[PDB]
Amino acid sequence: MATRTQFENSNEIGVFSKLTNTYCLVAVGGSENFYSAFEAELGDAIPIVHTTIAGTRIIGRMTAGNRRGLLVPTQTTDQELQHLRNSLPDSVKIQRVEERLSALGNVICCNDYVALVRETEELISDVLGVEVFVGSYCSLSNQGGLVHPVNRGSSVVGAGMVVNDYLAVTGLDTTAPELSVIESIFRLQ
Amino acid sequence: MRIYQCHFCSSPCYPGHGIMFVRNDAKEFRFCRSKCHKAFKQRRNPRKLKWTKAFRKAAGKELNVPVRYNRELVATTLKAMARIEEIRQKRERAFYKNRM
Amino acid sequence: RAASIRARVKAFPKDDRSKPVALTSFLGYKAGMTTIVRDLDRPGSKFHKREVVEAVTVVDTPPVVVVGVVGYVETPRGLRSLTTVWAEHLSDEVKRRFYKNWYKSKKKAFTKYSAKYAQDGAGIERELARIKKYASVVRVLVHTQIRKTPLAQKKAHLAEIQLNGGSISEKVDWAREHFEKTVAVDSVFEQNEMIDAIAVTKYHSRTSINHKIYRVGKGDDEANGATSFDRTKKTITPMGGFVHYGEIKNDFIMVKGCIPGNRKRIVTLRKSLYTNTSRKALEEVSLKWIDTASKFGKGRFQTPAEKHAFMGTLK
Amino acid sequence: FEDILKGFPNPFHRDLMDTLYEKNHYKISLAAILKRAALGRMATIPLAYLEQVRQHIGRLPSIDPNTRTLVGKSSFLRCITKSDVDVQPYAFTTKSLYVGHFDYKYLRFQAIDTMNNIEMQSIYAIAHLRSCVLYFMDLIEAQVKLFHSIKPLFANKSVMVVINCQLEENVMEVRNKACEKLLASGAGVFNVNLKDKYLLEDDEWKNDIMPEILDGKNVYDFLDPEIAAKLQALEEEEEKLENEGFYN
RNA sequence: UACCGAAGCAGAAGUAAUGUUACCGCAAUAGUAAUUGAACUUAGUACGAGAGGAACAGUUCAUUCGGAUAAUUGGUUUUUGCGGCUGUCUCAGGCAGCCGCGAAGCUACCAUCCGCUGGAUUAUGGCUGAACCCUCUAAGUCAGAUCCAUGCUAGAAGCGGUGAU
RNA sequence: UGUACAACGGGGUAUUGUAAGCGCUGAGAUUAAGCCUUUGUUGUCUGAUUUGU
Ligand SMILES: [Zn+2]
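For this coordinate set, the PDB header names cryo-EM as the determination method and states a resolution of 3.3 Å.

**Student:** Got a minute to help me understand the overall build of chain B in this structure?
**Tutor:** A tally of regular secondary structure across chain B gives 3 helices and 2 strands. Reading chain B from its N end, one meets helices and strands in the order β-β-α-α-α. Against the compact-globule benchmark of 13 Å for 100 residues, chain B has a radius of gyration of 17 Å, which places it well outside the compact range. Along the longest, intermediate and shortest principal axes, the C-alpha atoms of chain B span 45 × 45 × 25 Å. For chain B, the residues scored as buried account for 37% of the 100 residues in total. Within the structure as shown, chain B displays about 6,500 Å² of accessible surface, and the carbon and sulfur contribution to it stands at 52%.

**Student:** Even after reading the chapter, I still don't get the overall build of chain D, so can you show me in this structure?
**Tutor:** Check the secondary structure of chain D and you find 11 helices and 6 strands. For 248 residues, the compact-globule estimate of 2.2 N^0.38 gives 18 Å, and the C-alpha radius of gyration of chain D, at 40 Å, exceeds that figure by more than 25%. C-alpha extents for chain D along the principal axes are approximately 125 × 80 × 35 Å. A burial count over chain D gives 30% of its 248 residues as buried. For chain D, the accessible surface area stands at approximately 17,400 Å², while carbon and sulfur atoms represent 55% of it. Charge-centre separation for chain D: the mean point of 29 positive side chains lies 26 Å from the mean point of 36 negative side chains.

**Student:** What am I meant to see in the side chain of A:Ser102 here?
**Tutor:** All names here are of chain A. If you trace the backbone, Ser-102 turns up in the loop between β7 (93–96) and β8 (109–110). When its relative accessible area of 13% is taken as the criterion, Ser-102 is described as buried. Separated by 2.8 Å, the side chains of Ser-102 and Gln-75 make a polar contact. Every residue in contact with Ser-102, bar those within four places of it in the chain, is listed here: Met-62, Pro-73 and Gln-75.

**Student:** Just checking my understanding: could you explain helix α3 (residues 119–128) of chain A for this structure?
**Tutor:** Residues spaced three or four apart along an α-helix face the same direction, because each turn holds 3.6 residues. Residues and elements named next belong to chain A. Among all positions of α3, only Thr-120, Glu-121, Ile-124, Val-127 and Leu-128 are buried. Projected onto a plane normal to the axis of α3, the buried residues spread over an arc of 140° and lie on a single side. Away from its buried face by more than 90 degrees, α3 exposes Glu-119, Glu-122 and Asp-126. Tucked inside the fold, the buried residues of α3 contact β5 (64–65), β6 (69–72), β7, β8, β9 (114–116) and β10 (131–132). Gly-129, located one to two residues past α3, shows a positive phi value of around 60°.

**Student:** Would you explain the sheet that holds β10(A) in this entry?
**Tutor:** Picture the strands of a sheet paired through backbone hydrogen bonds; they go either parallel or antiparallel. With mixed pairing, 3 strands are arranged side by side in an open sheet as β8-β9-β10 (chain A). Here the strands that pair on one side only, and so sit at the sheet edges, are β8 and β10 of chain A.

**Student:** Could you clarify how one ought to interpret the protein's contact with RNA strand E in this entry?
**Tutor:** Taken together, 89 residues surround RNA strand E, and among them A:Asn9, A:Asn33, B:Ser34, B:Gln42 and C:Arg8 come closest. Here RNA strand E approaches the protein such that, of its atoms within 4 Å, sugar and phosphate make up 89%. Between RNA strand E and A:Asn33, the relevant distance is 2.3 Å, taken from a phosphate oxygen to a side-chain nitrogen or oxygen of the residue. Within the side chain of C:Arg270, a nitrogen or oxygen atom sits 3.0 Å from a phosphate oxygen of RNA strand E. No other element matches the 8 residues that strand β4 (residues 78–86) of chain C contributes to the surface near RNA strand E. The residue inventory of the surface near RNA strand E, partitioned by class, reads 29 nonpolar, 30 polar and 30 charged.

**Student:** Would you mind showing me how to read the protein's contact with RNA strand F here?
**Tutor:** Neighbouring RNA strand F are 30 residues, the closest being B:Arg33, B:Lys35, B:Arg99, C:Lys104 and C:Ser294. Among all atoms of RNA strand F positioned within 4 Å of the protein, those belonging to sugar or phosphate total 72%. Between a base nitrogen of RNA strand F and a main-chain N or O atom of C:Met311, the distance comes to 3.2 Å. In the model, a base nitrogen of RNA strand F is placed 3.3 Å from a nitrogen or oxygen of the C:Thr313 main chain. Put simply, the parts of the chain that give the surface near RNA strand F at least two residues each are α2 (53–59) of chain B together with α6 (304–311) of chain C. In terms of residue count, the dominant contributor to the surface near RNA strand F is α6(C) (3 residues). Of the residues contributing to the surface near RNA strand F, the split by class is 10 nonpolar, 7 polar and 13 charged.

**Student:** Explain the pairing of strand β11 (residues 138–141) of chain A to me, please; I cannot follow it from the model alone.
**Tutor:** Looking down a regular strand, the side chains alternate between one sheet face and the other. Residues and elements named next belong to chain A. Here 4 bridges tie β11 to strand β12 (residues 144–147), and the two strands are oriented antiparallel to one another. Across the sheet, the residue bridging to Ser-141 is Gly-144, located in β12. Counted between consecutive antiparallel strands, the loop separating β11 from β12 contains 2 residues.

**Student:** Would you mind showing me how to read the coordination of the zinc ion here?
**Tutor:** The expected angle between donors at a tetrahedral four-coordinate metal is 109.5 degrees. At an octahedral six-coordinate metal it is 90 or 180 degrees. All names here are of chain B. Coordination of the zinc ion by the protein involves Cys-6 (SG), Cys-9 (SG), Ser-11 (OG) and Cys-32 (SG), with metal-donor separations of 2.3 to 2.7 Å. If you look at the zinc ion, its 4 donor atoms make angles of 73 to 156° with each other, and the shape they trace is irregular. Read from N- to C-terminus, the donor residues coordinating the zinc ion fall into the pattern C-x2-C-x1-S-x20-C. Classification of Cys-9 as buried rests on a relative accessible area of 0%.

**Student:** It is not clear to me how the packing of helix α3 (residues 23–31) of chain D against helix α5 (residues 47–59) of chain D should be interpreted in this structure. Could you clarify?
**Tutor:** A pair of packed helices can be characterised by two numbers: the angle between their axes and the separation between those axes. Residue and element names in this part refer to chain D. Relative to each other, α3 and α5 sit at 115°, their axes nearing to 9 Å. Crossing handedness for the pair α3 and α5: left-handed. Mapping the contact onto sequence places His-25, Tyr-26, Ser-29 and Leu-30 in α3 and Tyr-49, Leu-50 and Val-53 in α5. Among the residues making up the contact of α3 with α5, the classes are represented as 5 nonpolar, 2 polar and no charged.

**Student:** Sorry, what's going on with the interface of chain C and chain B here?
**Tutor:** Note: interface size is frequently given as the accessible area lost on complex formation between the parts. With 18 residues of chain C in contact, the opposing surface of chain B contributes 21 residues. Taken over both partners, the interface formed by chain C and chain B buries close to 1,700 Å², and the fraction arising from carbon and sulfur atoms is 60%. A per-residue breakdown of the area chain C buries against chain B is headed by C:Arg300, C:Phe310 and C:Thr313, which together make up 39% of the total. Here chain C is connected to chain B by 0 salt bridges.

**Student:** Mind showing me how you'd approach the environment of C:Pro43 here?
**Tutor:** Within the secondary structure, C:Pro43 is located in the loop between β1 (25–40) and β2 (50–60). Among all residues touching C:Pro43, those that are not within four sequence positions of it are C:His48, D:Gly188, D:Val189, D:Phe190 and D:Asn191.

**Student:** How should the environment of C:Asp39 be read in this particular structure?
**Tutor:** All names here are of chain C. Summarising the element assignment, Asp-39 is placed in strand β1. Counting along the chain gives 16 residues from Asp-39 to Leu-23, while the straight-line C-alpha distance between them is 32 Å. The residues contacting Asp-39, other than those within four sequence positions of it, are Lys-49, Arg-50 and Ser-286. Here the side chain of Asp-39 touches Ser-286 through a polar contact of 2.5 Å, side chain to side chain.

**Student:** For this particular structure, what's the right way to read the pattern of salt bridges?
**Tutor:** In this structure the tally under the stated criterion is 46 salt bridges over all chains. Put simply, A:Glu39 and D:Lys197 hold a salt bridge, and the shortest N to O gap is 3.4 Å. Of this pair, A:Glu39 sits in helix α1 (residues 32–42) while D:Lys197 sits in the loop between α9 (168–184) and β5 (213–214), on two different chains. A relative accessible area of 30% means that A:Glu39 is categorised as partly exposed. Overall, D:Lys197 belongs to the partly exposed group, its relative accessible area being 30%. Of the charged contacts in the structure, one is a salt bridge between B:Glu92 and B:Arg88, with a shortest N-O distance of 4.0 Å. Highlighted residues: B:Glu92 and B:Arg88, both in helix α3 (residues 71–99), separated by 4 residues, approximately one helical turn. For B:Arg88, a relative accessible area of 29% gives the class partly exposed.

**Student:** Would you mind going over the pairing of strand β3 (residues 64–75) of chain C with me for this structure?
**Tutor:** Residues and elements named next belong to chain C. Within β3, 10 of the 12 residues are buried, which leaves it mostly tucked inside the rest of the structure. Relative to strand β5 (residues 137–144), β3 runs antiparallel, the two being bridged by 8 bridges. Pairing of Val-69 across the sheet is with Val-140, part of β5. Sheet analysis places β3 next to strand β7 (residues 182–183), joined by 2 bridges and oriented antiparallel. In the sheet register, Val-65 faces β7, and the bridge partner there is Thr-182. Inspection of the sheet shows β3 paired to β4 by 8 bridges, in the antiparallel sense. Directly across from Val-70, in β4, lies its bridge partner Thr-84. With antiparallel pairing between neighbouring strands as the criterion, β3 and β4 make up a hairpin whose turn holds 2 residues.

Each value, and the rule that gives it
- Residues numbered from 1 in each chain as written, not as in the entry; some residues may be left out.
- Chains lettered and ligands numbered in written order.
- Part of a larger assembly, values for the part shown.
- Heavy atoms only, no water.
- Helix = DSSP H or I, 4+ residues; strand = E, 2+ residues; numbered from the N terminus.
- Rg over C-alpha atoms; globule rule 2.2 N^0.38 Å.
- Buried < 20%, exposed > 50% of the residue type's maximum accessible area, 1.4 Å probe, protein only.
- Areas by Shrake-Rupley, 256 points an atom, 1.4 Å probe, with all protein chains shown as cover.
- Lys, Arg positive; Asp, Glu negative; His and termini not counted.
- Charge placed at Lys NZ, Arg CZ, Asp CG, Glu CD.
- Polar contact = N/O pair within 3.5 Å; in protein donor to acceptor, adjacent residues only side chain to side chain.
- Contact = heavy atoms within 4.5 Å.
- Arc of directions from axis to C-beta.
- Pairing = 2+ DSSP bridges.
- Near = heavy atom within 4 Å.
- Nonpolar A, V, L, I, M, F, W, Y, C, P; charged D, E, K, R; others polar.
- Donors = N, O, S within 2.8 Å, 3.2 Å for Na, K, Ca; no water.
- Tetrahedral: all angles 85-135°; square planar, octahedral: opposite > 155°, others 65-115°.
- Axes fitted to C-alpha atoms, helices over the stretch in contact; angles between N-to-C directions.
- Left-handed = near helix turned anticlockwise from the far one by under 90°.
- Buried area = accessible area lost by both parts, 1.4 Å probe.
- Salt bridge = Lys/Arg side-chain N within 4 Å of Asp/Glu carboxyl O.

Structure (structure tokens):
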């Protein structure tokens, strides 16, 4: 269930990765083991899309969404948006949101049933079809959510790890107590 | 690429041209040449300046989701672009003739 | 200071016994610079697939015709020109190159040699057989068709190009057949091919290697300056022409960087003198958009078709 | 010259260096720190002992006395974890400080094994450390009861006695008991290919180009979905503009 | 800083005017270099009780310096350019004046493109093999950086071919 | 003694923001003093003077 990987020796894996129940986003790179680990566990059940946002290496902060649809920041290039639309299945929607700060995931976290952040709130609710009430310090899914009180006590829970309804990923700095906490909060066992 | 419209004069901004300093305030700065950038810096009111479309369009001098990009969809754009360009050119010519 | 307006090729690539007879170098006239944007498909780069922006020079390359062939004997004191042979004809601008007072001079160009070529050819065939049995390194004599390039120079620059094929018998046979023929620019270079540039600066001569040809310009068809993405009916020439240059109406070559020498200066190209193994050379340079805005001044438009769009209409 | 002393350390270690090495000798060595006559005097003014101890500590295990610690009777340390111990049955084979690290309940634990100098070293390593003292043997009365007789003077270590232990289940049980008792007491070389990795209504145009610019303007603005109806409406508008008299 | 050897060195991490003119050419010769560091995979793998973490190979960058460029950003402007404005009197805002914008230019690490590949050798690693069984040395002999070649700049106020009488 | 050379003509290409005057008027104006081209008009083409198997 759980997975452990290093993004070019980096400890924060959630920054360059994003996971949902219908699609996955991973930053482009030359590490065969990094992508191989994701592919082996996820197989071909969902598309593991090699993509970037506005040409930036980080994608977890920029991208936030659920299985119903994906929200892209304003600064995303049109070519990247078209590539994401092609890679995402027809059943998954994509909507652009006008925001001053391109880091959507810094303040926005959501799952297949609930979301968090009124123009943007209602847009998120409509696109994701979920209720809307700390994105950098929060993580949410259908198996519950985890917030600040991973990666040897890193306080940025929303950047060091990413997890979906059936697969969890954490950095190599994660310790056994942190893995147990992640398993318990997300009721993997 | 993304060809923006210069907000000071509603002019095209082709790739590689113009200046856009990324200020911490996070604002778009779209311009076609140093003239428009300095005019904006000088705070020359585009809505009341004769040589900018922002004022001309009103003074009477002149009139969120992606697309899958299928072969059929683009095929329609080929004729649509020409039709829209012809309509706009004819409307502008009629407006100029009326102004004369 | 340089010896002349044109530069001399000091070396040539190693010969290939198996490859067919082909030219090794080409020359043209500088035509300023232009901006271009392309997708950086270089692997292992933090800007993979990003729209990298950089400047690319433009060089006018009018068709070059073969006017003669020269063999050289490998003597213990260097290569010696065994025999030069011209082919039955010299162009008006070719003859002009041999006169400092062409207008005043009687223009008494090749007359007996031209009459000699009218003979049964035995002498010419005798020299060809001589070259076949004798020296096995051959260089071709060519000139630039300046009559097509819109330049006030009006003088053709003679240059020598070494053949890289094997079986020098095949070399002389090719010369015997391709005499006084015209060689297109695309026949010597192709897109993504790495070449070096040699020219004279604004006055010393210098050589720069590892320069990739971004685009090979076939000046016969329209939209030569438009990439597969832009694909607009636009020539590389911007509105109003070129800065201190006439116009582009023939084959042209686009090279990464800036070749030495000001505009209208003649430059030469060569195939890097060796097979570069760098991945940069191997990768193909896909093109996205080429700048065509008027360089003279500050052009807010690309072509006159879209120029009126900003103004809508004008008096 | 002083750099040598900087790298030399100076409560268990004080006695440990007195059995694996000589404490007094070590301290004495550490504390014994035109120009022809001066050069000769300096040249005239035991050093190999310092280098030997430095080399010995360069690979010796590093442990804190305050950290949790715990025939074939000597094979327990080899079997418990990835540690190597000499198979020789004679007791004096344990001169070196053998340590084996392992994790119990997400907490680090390690086992340690070890008059002649070796006996003094073992006694100091048992008394000075917080490690518990254990007695393991395979299944004579005086030999077996020797440990029990000497138990009182080190009974503070929370002694535990388990006797048959080559079976792995016994080792696992011993480790589980001791751990709880301690607290209780190839690479990127080519461009990435995205073809066939994305979904589309059909594979006819899978090798898409997306020029994104046409007639000097971006396609993204004109790329509306199935707008043939819009084109027909625009044609009707053009007809109404031409025949109504706007451009008669 | 590069290559080797010792070292409980587990891993991490000693060597250095010419028959004229014109065109196309060869090259004895003189000079010669890229430079310093960083990131990615094998890389969480060999190693190791654990802290710790490789490498031959293949990739991506950055600082300084060298050869060039102004497609465009800036330092910038005798285009004293367009428009405005104040003395000067009979709209010219004149001119020895100021302002907003300003092509063109010299020019920048203040920006852009590029900046080497084949051999003989010191030490060293080895084979065959005597003085004297052995031995890399005595005769032979493979690998290997300082040197020579490749490329680049100029061409003896040296040389070859070609056209005109 | 001919789409060869130069000056004019138009066009395109840069600075401009609406000169003076009565919406004309992104017009005109510098218009190349370090821009280009072309479709029309005009003139150009003769001396001094040195060398050669
Ligand atoms: Zn503008």
